[PDB]
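Below, read A as the first sequence line, B as the second, and so on, with proteins coming before strands; counting in each chain starts at 1.
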Amino acid sequence: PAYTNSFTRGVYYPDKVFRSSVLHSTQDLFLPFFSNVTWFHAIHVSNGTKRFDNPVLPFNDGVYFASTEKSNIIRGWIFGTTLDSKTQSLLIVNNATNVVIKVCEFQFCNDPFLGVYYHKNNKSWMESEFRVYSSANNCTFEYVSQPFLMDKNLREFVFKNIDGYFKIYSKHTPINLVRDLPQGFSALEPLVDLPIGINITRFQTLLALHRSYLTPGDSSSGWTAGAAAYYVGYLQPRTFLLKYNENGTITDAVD
Amino acid sequence: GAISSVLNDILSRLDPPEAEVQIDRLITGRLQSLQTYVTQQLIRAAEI
Amino acid sequence: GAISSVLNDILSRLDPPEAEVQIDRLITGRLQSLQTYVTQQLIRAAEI
Amino acid sequence: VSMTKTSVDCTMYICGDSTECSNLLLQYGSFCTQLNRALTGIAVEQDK
Amino acid sequence: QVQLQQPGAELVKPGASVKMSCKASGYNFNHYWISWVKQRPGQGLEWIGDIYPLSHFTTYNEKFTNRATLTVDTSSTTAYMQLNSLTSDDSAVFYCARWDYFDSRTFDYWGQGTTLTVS
Amino acid sequence: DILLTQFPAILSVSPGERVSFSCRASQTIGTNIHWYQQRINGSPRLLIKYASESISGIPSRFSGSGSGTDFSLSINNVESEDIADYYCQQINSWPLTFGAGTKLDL
Amino acid sequence: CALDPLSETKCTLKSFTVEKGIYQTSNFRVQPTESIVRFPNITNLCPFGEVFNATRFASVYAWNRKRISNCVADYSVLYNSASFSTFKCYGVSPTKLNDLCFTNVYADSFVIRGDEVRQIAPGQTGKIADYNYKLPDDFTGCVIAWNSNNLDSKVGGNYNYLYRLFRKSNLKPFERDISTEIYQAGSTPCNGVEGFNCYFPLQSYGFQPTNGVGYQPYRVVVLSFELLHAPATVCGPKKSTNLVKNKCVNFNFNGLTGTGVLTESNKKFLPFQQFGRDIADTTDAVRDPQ
Ligand SMILES: *[C@@H]1O[C@H](CO)[C@@H](O)[C@H](O)[C@H]1NC(C)=O
Ligand SMILES: *[C@@H]1O[C@H](CO)[C@@H](O)[C@H](O)[C@H]1NC(C)=O
Ligand SMILES: *[C@@H]1O[C@H](CO)[C@@H](O)[C@H](O)[C@H]1NC(C)=O
Ligand SMILES: *[C@@H]1O[C@H](CO)[C@@H](O)[C@H](O)[C@H]1NC(C)=O
């Protein structure tokens with residue numbers, strides 16, 4: 001796993017209060033400036049041979065997540081303390097049509113995946129099935145809205161679990177960088193708060209499977225599952241000095 | 001020490017018997033702030 | 001903030017455990033009064 | 001030779017339009033009057 | 001076996017009270033709620049109220065919160081409702097079902113149905 | 001106050017087919033629906049408890065599914081004794097409410 | 001002191017004779033012309049019946065939390081009703097709840113006993129607090145409890161109600177566990193249902209109709225209000241008046257209960273933020289709820 005340095009990335013809006021032309025200092029779980037964030041290559045295809053890597057990642061304090069997938073190979077995320085032994089788990093699934101957030105207790109296998117096929121008549125890749133979980137058990141929450149993971153492009157997410165509530169921040173920005181996070185600054189807007197009182201200490205990602213891979217054989221033809229580059233960083237208790245411009249946007253920050 | 005630094009958020013959201021203690025905390029803090037500012041201004045005025 | 005501004009009145013009509021809080025309020029107020037007076041006197045004495 | 005001739009409204013600073021806060025400030029004595037008098041003295045001193 | 005006895009086809013003048021009889025046997029009377037349902041001929045079931053025989057706690061429907069008053073006789077294990085001002089519209093079938101509380105709340109046993117009519 | 005409605009107020013069925021009903025509640029209740037049947041000049045009888053599992057003495061054709069707000073009643077096979085009035089009852093909180101009414105036709 | 005400015009000067013100086021000069025007597029403030037109240041266009045009543053009128057309450061170990069939002073909440077009827085024996089509000093005032101607006105209200109319902117009703121409070125130590133239900137230290141909201149002896153007590157005991165008796169570690173606030181894993185203690189010799197120094201985590205208790213008041217079942221509902229930092233969805237039953245600008249008014253924007261003159265703003269609020277503060281942490285810009 002590559003170890004890329006996150007420069008001027010991982011800063012969100014501390015609160016839902018409009019501030020303009022004011023330098024505001026806030027103490028909250030933040031991604032440290034110029035911190036070492038682990039880079040994972042989810043899938044690399046070389047002859048029908050693919051390198052699949054979706055390891056479990058500890059959810060200590062917050063977690064900063066960024067993806068550069070042009071084809072949206074990375075879709076949704078899995079949370080939960082152990083994902084077994086009748087323990088509560090948290091799941092997000094993102095299909096093309098709409099974001100189907102399914103926050104339900106689940107039993108997960110080692111390999112997480114979703115199904116999608118190609119219709120020759122419509123010339124589109126519409127989802128075939130939902131082959132993520134065996135069944136829905138004691139599902140407490142569910143949310144559907146416009147999908148955020150779609151609409152080359154960098155998608156930054158911060159997940160935080162304090163006082164039971166699950167906080168998710170997001171901001172989408174197209175980037176021309178290829179191998180490293182761009183040396184620019186973006187602020188993550190609060191997206192949605194999840195009111196589920198569960199334990200989250202490990203983390204995992206979910207990848208798309210087109211009709212090419214949906215075949216039981218390992219060899220896949222016709223679909224390029226190579227645009228998989230997601231970076232993971234762990235938040236820390238930090239104090240940040242936030243610069244608000246006259247428009248209210250956080251232009252810069254100081255750790 | 002008060003529940004909120006906004007005076008109106010204490011006048012509302014609380015009954016007068018229970019709001020008065022928070023108002024007293026805010027009043028003590030702000031009066032100390034003015035006393036500090038006025039002492040600094042008096043010393044600065046002596047220097048000027 | 002005390003019930004009365006007279007120390008003897010607070011000493012009466014109140015048990016010591018409940019009179020002590022009012023005495024503390026009076027003591028804090030009067031100590032602030034002396035500190036303000038002494039600071040003003042020091043500044044005025046510097047001017048003089 | 002002089003500095004900015006600022007003035008502070010003690011009642012408007014400690015309290016906004018609130019009247020309960022104004023009454024609780026009233027029971028604290030004449031601290032606001034002393035602060036306003038000191039600031040006015042500073043102002044007249046700057047003019048002098 | 002469990003059987004709930006409920007006489008029906010009672011004739012009462014409008015504007016007078018009725019004393020429904022709901023005799024139940026075959027189960028422990030203190031471990032199960034018993035309820036009443038009003039059904040117009042050719043119309044859906046309408047809730048009336050519930051009761052706790054052990055503590056004599058009752059809940060009434062909003063429409064029947066004042067007209068229908070419910071009482072229970074623990075000695076005879078028979079529930080009653082009385083002191084109501086009947087009208088011509090009140091002509092309907094009055095059931096008496098046993099509510100399976102403390103467990104799957106299912107209305108396990110139903111009565112034959114008291115087909116009260118007025119004229 | 002929870003309110004229940006059935007879109008198929010009257011339904012016509014043929015012997016041996018599969019049909020499904022509907023019962024949506026005003027507020028989410030989490031599997032607190034009991035489906036009842038009332039034959040002509042008869043008394044209501046419990047069929048499916050908590051809208052998911054069934055009880056003894058009921059034919060396996062009566063199958064219930066649904067959770068949250070929208071609930072359904074499914075019957076595998078239709079015979080002569082399946083023509084009755086099927087009612088949806090919510091039991092989550094007082095006041096208890098019954099369905100508007102569903103009728104079966106041959 | 002208000003007859004004429006000379007008399008105001010005489011009052012300020014505490015003398016009936018004033019000398020030549022200019023005297024700072026008092027302050028001039030434009031009094032508000034009218035009172036403005038602006039609440040969102042929500043009209044439907046909140047489903048508080050489904051929380052309090054519930055047939056059975058969930059156990060303490062696995063309670064039920066309900067999302068009360070996008071509705072008008074009337075807490076006056078809740079407070080005025082004498083059914084609830086304990087109605088304690090911590091961060092708010094029970095009589096001021098109708099004038100406020102909240103972004104989200106969550107009701108947690110569970111059944112406890114009279115000896116453990118005091119454990120439902122911020123900063124409390126006890127069996128329920130440590131192992132079953134912990135309230136945050138900065139808890140703002142109300143705690144509602146009433147006797148359920150007439151509701152849940154049964155002859156021979158009611159065994160549908162469970163409280164955890166043993167846990168490895170204390171619970172953080174608003175933490176629910178449904179593992180039901182067997183408790184291992186001592187030298188850790190228990191890997192099955194029963195073992196040495198081993199017990200079942202869920203200790204059931206039966207409520208008797210003639211049991212003591214301290215052991216009687218108590219139905220508890222706690223409303224966890226989170227105050228106004230985001231746009232409001234649940235509000236009190238306050239009528240909304242017409243918006244008026246360029247006039248000093250006592251505006252009440254979702255319970256902000258400020259005072260000032262309102263003007264059109266060119267500042268672009270982000271969708272997730274509804275208030276605009278300043279250096280002194282006073283509301284400078286607001287977004288109209290309607
Ligand atoms: C989550 O993991 C275990 C239980 O699954 C626990 O020991 C740990 O403290 C928990 N961490 C939290 C709640 O942050
Ligand atoms: C602020 O917004 C204005 C338009 O209202 C725009 O012209 C200007 O470039 C913006 N400045 C920044 C720093 O975003
Ligand atoms: C609970 O039921 C009673 C009786 O119907 C009713 O008066 C009360 O208002 C209900 N509770 C709430 C919170 O509405
Ligand atoms: C009614 O509510 C809608 C939804 O927010 C709002 O756009 C509209 O302005 C409201 N009506 C009035 C008269 O303000």
Could you give me the CA-CA distance, side-chain angles and deciding distance for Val12(E) and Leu116(E), then say whether side chain to side chain contact (heavy atoms under 4.5 Å, CB included) is met?
-> CA-CA 8 Å; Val12(E) 289; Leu116(E) 181 138; 3.7 Å; yes

Would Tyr36(F) and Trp110(E) count as a ring pair (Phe, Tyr, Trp, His ring centres under 6.0 Å) if you check the C-alpha gap in whole Å, the side-chain angles of each, and the deciding distance to 0.1 Å?
-> CA-CA 11 Å; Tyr36(F) 293 99; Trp110(E) 287 74; 5.7 Å; yes

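- With hydrogens and angles disregarded, a donor-acceptor distance shorter than 3.5 Å links the side chain of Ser43(F) to the backbone of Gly111(E).
- The side-chain contact (heavy atoms from CB on, under 4.5 Å) with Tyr60(E) is formed by just one residue from the set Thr69(E), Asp50(E), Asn66(E); it is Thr69(E).
- Contact check on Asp89(E) versus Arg40(E) returns a salt bridge, with a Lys/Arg side-chain nitrogen under 4.0 Å from an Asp/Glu carboxylate oxygen.
- Shown here is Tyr199(G), whose OH atom has no more than 12 heavy atoms of other residues, nucleotides or ligands within 6.0 Å.
- Aromatic ring orientation, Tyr75(G) versus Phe102(G): perpendicular (interplanar angle above 60°, classes split at 30° and 60°).
- If you run side-chain hydrogen bond (donor to acceptor under 3.5 Å, both in side chains) between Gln216(G) and each of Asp152(G), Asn147(G), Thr210(G), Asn211(G), only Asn147(G) comes through.
- Taking both residues in full, the closest heavy atoms of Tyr50(F) and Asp103(E) are given as OH-O, 3.7 Å, listed atom of the first, atom of the second, then distance.
- Here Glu81(F) pairs with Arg61(F) in a salt bridge; the nearest charged N to carboxylate O distance falls below 4.0 Å.
- The closest donor-acceptor contact from the side chain of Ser26(F) to the backbone of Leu3(F) lies at 3.5 Å or more, if one exists at all.
- Ion pairing between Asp177(G) and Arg164(G) holds under the 4.0 Å rule for side-chain N and carboxylate O.
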